[PDB]
């Protein structure tokens, strides 16, 4: 079913904003196999639609965000890193919610879930268009997946 608004752009802008704001780090948007090491996933429910969003990061990239965002700097994944990915997922979703409210595209957010595992893969099971948008940095890559019915 066609969306009543282009819901991808606000998630892309919010992710770049949140990482520049909270971690002084800039991601380069890329041209849109897909795997990562730590992912933040959140469900969304609205009147005219329901869906989910995920942000997947390479370990190297998550660690650099950790170093710049909190000062904690472990050599590998841990609870600290997952808490950070969880809060980033909430902030990105919140930023996109505020932008999409301008176009009458309203939704409420659930609570985030964080998955950790070298090279795990993600498959949104929504009956709608699945959009995958990759990002790169000198520390590793990330990708957002979004699907609304």
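Positions refer to the first chain, counted from 1.
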Between residue 32 and residue 33, the number of deposited residues left without coordinates comes to 4 to 9
Of 40-48 and 99-107, the stretch with the higher mean C-alpha B-factor in the deposited entry is 99-107
When mean C-alpha B-factors in the record are compared for 64-72 and 117-125, the larger belongs to 64-72
Entry-reported C-alpha B-factor of residue 84 relative to its chain, by third, is middle
Entry-reported C-alpha B-factor of residue 14 relative to its chain, by third, is lowest
Among the modelled residues of its chain, the C-alpha B-factor of residue 53 falls in the third labelled lowest
Sorting the chain's modelled residues by C-alpha B-factor and splitting them into thirds places residue 91 in the middle
Assert third(CA B-factor, residue 133) within chain per record equals lowest
